[PDB]
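Containing compact mmCIF, C-alpha atoms: my_file.txt.
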```
# COMPACT_ATOMS: atom_id res chain seq x y z
CA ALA A 106 -7.27 -20.41 -34.48
CA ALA A 107 -6.91 -19.76 -30.75
CA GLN A 108 -8.20 -17.15 -28.30
CA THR A 109 -5.93 -16.83 -25.27
CA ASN A 110 -7.50 -16.21 -21.84
CA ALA A 111 -10.94 -16.79 -23.31
CA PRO A 112 -13.95 -17.16 -21.01
CA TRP A 113 -13.91 -20.59 -19.39
CA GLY A 114 -17.01 -21.66 -21.33
CA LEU A 115 -15.43 -21.02 -24.73
CA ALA A 116 -12.26 -22.78 -23.58
CA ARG A 117 -14.41 -25.69 -22.38
CA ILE A 118 -16.27 -26.51 -25.61
CA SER A 119 -12.81 -26.53 -27.25
CA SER A 120 -11.17 -29.13 -24.99
CA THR A 121 -11.84 -32.48 -23.37
CA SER A 122 -10.41 -31.54 -19.94
CA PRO A 123 -11.71 -28.64 -17.82
CA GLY A 124 -9.60 -25.84 -16.34
CA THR A 125 -8.32 -24.53 -19.68
CA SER A 126 -8.40 -20.86 -20.69
CA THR A 127 -7.80 -21.01 -24.46
CA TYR A 128 -10.59 -21.23 -27.06
CA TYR A 129 -9.50 -23.23 -30.11
CA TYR A 130 -11.77 -22.88 -33.14
CA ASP A 131 -11.64 -23.12 -36.90
CA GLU A 132 -11.00 -19.80 -38.62
CA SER A 133 -14.50 -20.05 -40.15
CA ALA A 134 -16.00 -18.84 -36.85
CA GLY A 135 -19.58 -19.28 -38.05
CA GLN A 136 -19.21 -17.09 -41.14
CA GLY A 137 -22.01 -17.51 -43.67
CA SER A 138 -24.34 -18.69 -40.90
CA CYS A 139 -26.99 -16.78 -38.96
CA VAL A 140 -28.30 -17.10 -35.41
CA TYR A 141 -31.59 -15.63 -34.23
CA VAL A 142 -31.17 -14.65 -30.58
CA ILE A 143 -34.76 -14.74 -29.31
CA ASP A 144 -34.57 -12.89 -25.99
CA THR A 145 -34.60 -9.30 -24.68
CA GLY A 146 -33.14 -7.99 -27.94
CA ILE A 147 -29.55 -7.06 -28.70
CA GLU A 148 -27.57 -3.88 -28.13
CA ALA A 149 -26.44 -4.01 -31.75
CA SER A 150 -24.18 -0.99 -31.22
CA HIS A 151 -21.96 -3.00 -28.82
CA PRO A 152 -18.50 -2.82 -30.48
CA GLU A 153 -17.92 -6.49 -29.57
CA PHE A 154 -20.41 -7.40 -32.32
CA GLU A 155 -18.61 -5.34 -35.01
CA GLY A 156 -21.86 -4.49 -36.79
CA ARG A 157 -22.80 -8.17 -37.06
CA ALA A 158 -25.78 -7.80 -34.71
CA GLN A 159 -29.01 -6.16 -35.83
CA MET A 160 -32.51 -6.12 -34.40
CA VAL A 161 -34.94 -7.62 -36.91
CA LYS A 162 -38.09 -7.60 -34.77
CA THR A 163 -39.54 -6.55 -31.44
CA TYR A 164 -42.89 -7.08 -29.73
CA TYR A 165 -42.69 -4.11 -27.36
CA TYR A 166 -42.47 -0.32 -27.32
CA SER A 167 -38.92 -0.32 -28.70
CA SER A 168 -36.19 -2.53 -30.11
CA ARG A 169 -33.50 -1.70 -27.55
CA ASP A 170 -32.29 -4.29 -25.04
CA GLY A 171 -33.02 -2.53 -21.77
CA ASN A 172 -32.25 -5.74 -19.86
CA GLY A 173 -28.89 -7.21 -20.94
CA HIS A 174 -30.02 -10.83 -21.34
CA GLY A 175 -30.19 -10.83 -25.13
CA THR A 176 -26.93 -9.01 -25.81
CA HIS A 177 -25.23 -11.33 -23.32
CA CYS A 178 -26.47 -14.46 -25.09
CA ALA A 179 -25.85 -12.86 -28.48
CA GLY A 180 -22.32 -12.23 -27.26
CA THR A 181 -21.84 -15.85 -26.25
CA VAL A 182 -23.21 -16.87 -29.65
CA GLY A 183 -20.99 -14.48 -31.58
CA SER A 184 -19.15 -11.63 -29.92
CA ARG A 185 -15.61 -11.78 -31.10
CA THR A 186 -14.21 -12.01 -27.56
CA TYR A 187 -16.99 -14.01 -25.86
CA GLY A 188 -18.53 -15.77 -28.88
CA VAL A 189 -18.37 -19.36 -30.07
CA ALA A 190 -19.07 -18.32 -33.68
CA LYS A 191 -17.18 -15.03 -33.67
CA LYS A 192 -18.02 -14.38 -37.35
CA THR A 193 -21.70 -15.39 -37.31
CA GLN A 194 -24.48 -12.96 -38.15
CA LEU A 195 -26.80 -12.26 -35.22
CA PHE A 196 -30.43 -11.20 -35.47
CA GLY A 197 -32.28 -9.88 -32.44
CA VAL A 198 -35.85 -11.00 -31.79
CA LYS A 199 -37.19 -9.21 -28.70
CA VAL A 200 -39.89 -11.49 -27.31
CA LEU A 201 -38.96 -10.61 -23.71
CA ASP A 202 -39.52 -7.20 -22.13
CA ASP A 203 -36.75 -5.20 -20.49
CA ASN A 204 -37.88 -7.02 -17.32
CA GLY A 205 -37.08 -10.40 -18.88
CA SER A 206 -40.66 -11.71 -18.96
CA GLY A 207 -42.92 -12.08 -21.98
CA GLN A 208 -46.10 -13.94 -22.84
CA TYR A 209 -46.18 -17.32 -24.53
CA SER A 210 -48.28 -15.87 -27.36
CA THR A 211 -45.45 -13.39 -27.92
CA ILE A 212 -42.71 -16.03 -27.73
CA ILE A 213 -44.71 -18.17 -30.17
CA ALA A 214 -45.14 -15.27 -32.59
CA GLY A 215 -41.40 -14.65 -32.37
CA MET A 216 -40.67 -18.26 -33.29
CA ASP A 217 -42.95 -18.10 -36.35
CA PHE A 218 -41.51 -14.72 -37.34
CA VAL A 219 -38.03 -16.27 -37.47
CA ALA A 220 -39.40 -19.27 -39.36
CA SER A 221 -40.42 -16.85 -42.13
CA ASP A 222 -37.93 -13.99 -41.63
CA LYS A 223 -34.99 -16.29 -42.39
CA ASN A 224 -36.37 -16.56 -45.93
CA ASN A 225 -35.53 -12.89 -46.64
CA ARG A 226 -32.01 -13.19 -45.18
CA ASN A 227 -28.72 -14.48 -46.57
CA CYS A 228 -27.58 -17.52 -44.57
CA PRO A 229 -25.81 -19.76 -47.10
CA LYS A 230 -24.46 -21.94 -44.27
CA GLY A 231 -27.58 -22.32 -42.13
CA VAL A 232 -29.84 -20.78 -39.52
CA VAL A 233 -29.86 -21.19 -35.74
CA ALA A 234 -32.26 -19.88 -33.11
CA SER A 235 -30.71 -19.51 -29.66
CA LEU A 236 -33.82 -19.51 -27.47
CA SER A 237 -32.48 -18.46 -24.07
CA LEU A 238 -35.83 -18.46 -22.29
CA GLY A 239 -38.35 -20.94 -20.94
CA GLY A 240 -41.46 -21.34 -18.85
CA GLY A 241 -43.83 -24.03 -17.65
CA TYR A 242 -45.01 -26.65 -20.10
CA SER A 243 -47.02 -25.54 -23.11
CA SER A 244 -47.91 -27.72 -26.09
CA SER A 245 -48.26 -24.61 -28.27
CA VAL A 246 -44.90 -23.20 -27.17
CA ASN A 247 -43.48 -26.67 -27.78
CA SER A 248 -45.32 -26.66 -31.11
CA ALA A 249 -43.82 -23.32 -32.15
CA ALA A 250 -40.28 -24.51 -31.45
CA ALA A 251 -40.96 -27.70 -33.40
CA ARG A 252 -42.45 -25.62 -36.22
CA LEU A 253 -39.33 -23.45 -36.07
CA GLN A 254 -37.19 -26.60 -36.06
CA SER A 255 -39.01 -28.21 -39.00
CA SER A 256 -38.87 -24.92 -40.94
CA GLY A 257 -35.11 -25.47 -41.19
CA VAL A 258 -33.84 -23.65 -38.08
CA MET A 259 -31.57 -25.55 -35.73
CA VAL A 260 -33.31 -24.59 -32.49
CA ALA A 261 -31.29 -24.58 -29.28
CA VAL A 262 -33.25 -24.11 -26.05
CA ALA A 263 -32.30 -23.98 -22.37
CA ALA A 264 -33.37 -26.80 -20.05
CA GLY A 265 -34.36 -24.20 -17.44
CA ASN A 266 -32.88 -23.27 -14.08
CA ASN A 267 -35.37 -25.04 -11.79
CA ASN A 268 -33.10 -27.99 -10.87
CA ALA A 269 -35.85 -30.37 -11.98
CA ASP A 270 -36.74 -32.62 -14.89
CA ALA A 271 -37.03 -30.42 -17.97
CA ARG A 272 -40.07 -32.43 -19.14
CA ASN A 273 -42.29 -29.90 -17.33
CA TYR A 274 -40.92 -26.85 -19.15
CA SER A 275 -41.33 -25.35 -22.60
CA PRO A 276 -39.82 -25.20 -25.09
CA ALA A 277 -37.36 -27.22 -23.00
CA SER A 278 -39.57 -30.31 -23.27
CA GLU A 279 -40.15 -30.17 -27.04
CA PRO A 280 -38.29 -33.31 -28.19
CA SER A 281 -37.39 -32.20 -31.72
CA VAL A 282 -35.29 -29.21 -30.61
CA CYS A 283 -32.03 -29.14 -28.66
CA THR A 284 -32.68 -28.90 -24.91
CA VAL A 285 -29.43 -27.60 -23.41
CA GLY A 286 -28.46 -28.08 -19.78
CA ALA A 287 -25.91 -26.01 -17.90
CA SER A 288 -22.47 -27.13 -16.71
CA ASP A 289 -19.98 -25.37 -14.46
CA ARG A 290 -16.27 -24.59 -14.64
CA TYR A 291 -15.34 -27.85 -12.88
CA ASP A 292 -17.37 -30.18 -15.15
CA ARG A 293 -20.24 -30.35 -12.67
CA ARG A 294 -23.87 -29.95 -13.58
CA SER A 295 -24.85 -26.43 -12.53
CA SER A 296 -26.79 -26.39 -9.26
CA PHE A 297 -29.77 -24.75 -10.98
CA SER A 298 -29.63 -26.75 -14.21
CA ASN A 299 -32.67 -28.80 -15.13
CA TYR A 300 -32.11 -32.36 -16.33
CA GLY A 301 -34.12 -35.33 -17.57
CA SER A 302 -34.46 -37.40 -20.70
CA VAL A 303 -35.49 -34.59 -23.06
CA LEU A 304 -32.08 -32.97 -22.54
CA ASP A 305 -29.81 -33.53 -25.53
CA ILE A 306 -26.56 -31.81 -24.56
CA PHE A 307 -24.95 -29.75 -21.81
CA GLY A 308 -23.44 -26.31 -22.22
CA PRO A 309 -21.15 -24.21 -20.06
CA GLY A 310 -23.69 -22.16 -18.13
CA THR A 311 -22.27 -21.12 -14.75
CA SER A 312 -20.48 -17.75 -14.42
CA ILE A 313 -20.44 -16.97 -18.13
CA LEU A 314 -18.62 -13.83 -19.25
CA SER A 315 -20.29 -12.12 -22.21
CA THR A 316 -21.32 -8.71 -23.53
CA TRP A 317 -23.83 -6.51 -21.73
CA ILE A 318 -25.90 -3.40 -22.38
CA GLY A 319 -24.16 -0.06 -22.13
CA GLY A 320 -21.06 -1.37 -23.88
CA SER A 321 -20.20 -3.41 -20.78
CA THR A 322 -19.37 -7.03 -20.05
CA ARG A 323 -20.96 -9.19 -17.37
CA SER A 324 -20.63 -12.67 -15.88
CA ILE A 325 -23.97 -14.43 -15.29
CA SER A 326 -25.15 -18.02 -14.87
CA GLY A 327 -28.11 -20.07 -16.02
CA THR A 328 -29.08 -22.64 -18.61
CA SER A 329 -30.18 -19.49 -20.43
CA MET A 330 -26.42 -18.86 -20.72
CA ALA A 331 -25.63 -22.44 -21.79
CA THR A 332 -27.82 -22.54 -24.91
CA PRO A 333 -25.87 -19.70 -26.63
CA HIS A 334 -22.75 -21.88 -26.47
CA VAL A 335 -24.62 -24.71 -28.23
CA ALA A 336 -26.38 -22.43 -30.72
CA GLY A 337 -23.06 -20.75 -31.43
CA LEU A 338 -21.46 -24.19 -31.66
CA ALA A 339 -24.16 -25.27 -34.11
CA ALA A 340 -23.63 -22.08 -36.12
CA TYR A 341 -19.92 -22.92 -36.05
CA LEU A 342 -20.41 -26.56 -37.07
CA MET A 343 -22.99 -25.67 -39.75
CA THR A 344 -20.50 -23.30 -41.38
CA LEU A 345 -17.85 -26.04 -41.42
CA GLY A 346 -20.25 -28.32 -43.30
CA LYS A 347 -20.33 -30.88 -40.48
CA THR A 348 -24.11 -30.91 -40.05
CA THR A 349 -27.42 -29.46 -41.18
CA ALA A 350 -29.87 -27.48 -39.07
CA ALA A 351 -32.25 -30.42 -38.57
CA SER A 352 -29.33 -32.67 -37.56
CA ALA A 353 -26.95 -30.39 -35.65
CA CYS A 354 -28.45 -31.20 -32.25
CA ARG A 355 -27.84 -34.94 -32.52
CA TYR A 356 -24.49 -34.16 -34.17
CA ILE A 357 -23.35 -32.12 -31.16
CA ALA A 358 -24.54 -35.06 -29.05
CA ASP A 359 -22.54 -37.63 -31.03
CA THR A 360 -19.34 -35.54 -30.91
CA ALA A 361 -19.78 -34.37 -27.32
CA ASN A 362 -17.33 -35.09 -24.52
CA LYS A 363 -19.19 -38.04 -22.98
CA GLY A 364 -19.13 -38.96 -19.29
CA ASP A 365 -17.13 -35.92 -18.13
CA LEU A 366 -19.90 -34.29 -16.07
CA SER A 367 -20.57 -35.12 -12.42
CA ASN A 368 -23.93 -34.86 -10.63
CA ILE A 369 -25.75 -35.97 -13.80
CA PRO A 370 -28.88 -37.93 -12.77
CA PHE A 371 -29.52 -41.35 -14.26
CA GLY A 372 -31.56 -40.98 -17.45
CA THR A 373 -30.06 -37.59 -18.28
CA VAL A 374 -27.40 -37.58 -21.00
CA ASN A 375 -23.81 -37.10 -19.85
CA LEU A 376 -22.69 -35.14 -22.89
CA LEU A 377 -21.02 -31.74 -23.04
CA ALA A 378 -20.86 -29.41 -26.04
CA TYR A 379 -17.58 -29.83 -27.88
CA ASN A 380 -16.34 -28.57 -31.25
CA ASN A 381 -13.74 -31.38 -31.57
CA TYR A 382 -11.42 -28.87 -33.23
CA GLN A 383 -8.13 -30.28 -34.48
CA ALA A 384 -5.62 -27.52 -35.19
```
For this file, produce the structure as structure tokens.
Amino acid sequence: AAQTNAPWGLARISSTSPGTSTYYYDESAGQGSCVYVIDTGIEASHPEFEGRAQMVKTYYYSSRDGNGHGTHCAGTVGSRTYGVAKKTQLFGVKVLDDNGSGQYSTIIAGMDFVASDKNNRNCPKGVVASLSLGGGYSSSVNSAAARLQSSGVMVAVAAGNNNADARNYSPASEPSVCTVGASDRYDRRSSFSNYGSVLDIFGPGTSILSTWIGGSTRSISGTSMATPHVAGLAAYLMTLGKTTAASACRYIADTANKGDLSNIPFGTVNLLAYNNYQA
């Protein structure tokens, strides 16, 4: 129902005004849904996941998250203290090394793995892919995200932290997915956050408290941290029966807090992820 002194980002997507500390959410909490965190992997043994995280694939020497990125974003997606969808099932897809840098061919293979792996998983409510990465433009990277999107995964992707138009970044520039920009605690666009027309929605992405490796917690910033909020939100909304995978992105845009964000350039949408929860 409510999470007192939640991280500011969870409290944000649950209210129209900034500055709040409580996260209001339906009891569903993303149950019956699944989110594929495609990043540095997940420390599944973090007790904040309560066994609901599991590595399903890696592209490196081991499955462990030696970085922290993936378990952070997995935590924002669905840790029960730092998660939007606190009851969602999380799958780890390690396409990024422990240094946080993988090849496009690896990221692409990860996206097509998920597009088929979901078929041997139970997700009666729907399937999300939080894709907290990005690089320069690539039609094939863009193609893999679109393939993942058309396969029936609601794909959320970060706009990138270059403070530029996201049109030059992939899979940020793939139109069919959900290109998420980063906001800050005071309803400003994050200083690093990319923008542009391809952006669909903005997520809390500055100073985001979430799980870390080693059983720790950490506060980090980036559009990489904003897309878990949206992917969690989509996993939350999908469970509630509000939207499908192929329609959740434009659903979150229609029900977003509109016009609240400052420093939004003309042409970029002024929408902010919002669960519109009535208690």
| remark: Residue with the minimum atom-to-atom distance to residue 338 of chain A, picked from A:222, A:131, A:365, A:153 with all atoms listed in the file counted, is A:131
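A straight line drawn from atom CA of residue 202 of chain A to atom CA of residue 303 of chain A is 27.7 Å long.
Residues in contact range of residue 238 of chain A, defined as at most 9 Å between only C-alpha atoms, with sequence neighbours fewer than 4 positions away removed, read residues 143, 144, 201, 205, 206, 262, 263, 264, 265, 275, 276, 277, 328 and 329 of chain A.
Here atom CA of residue 351 of chain A stands at a distance of 12.6 Å from atom CA of residue 336 of chain A.
Nearest residue to residue 204 of chain A, choosing from A:151, A:323, A:252, A:174 and counting only C-alpha atoms: A:174.
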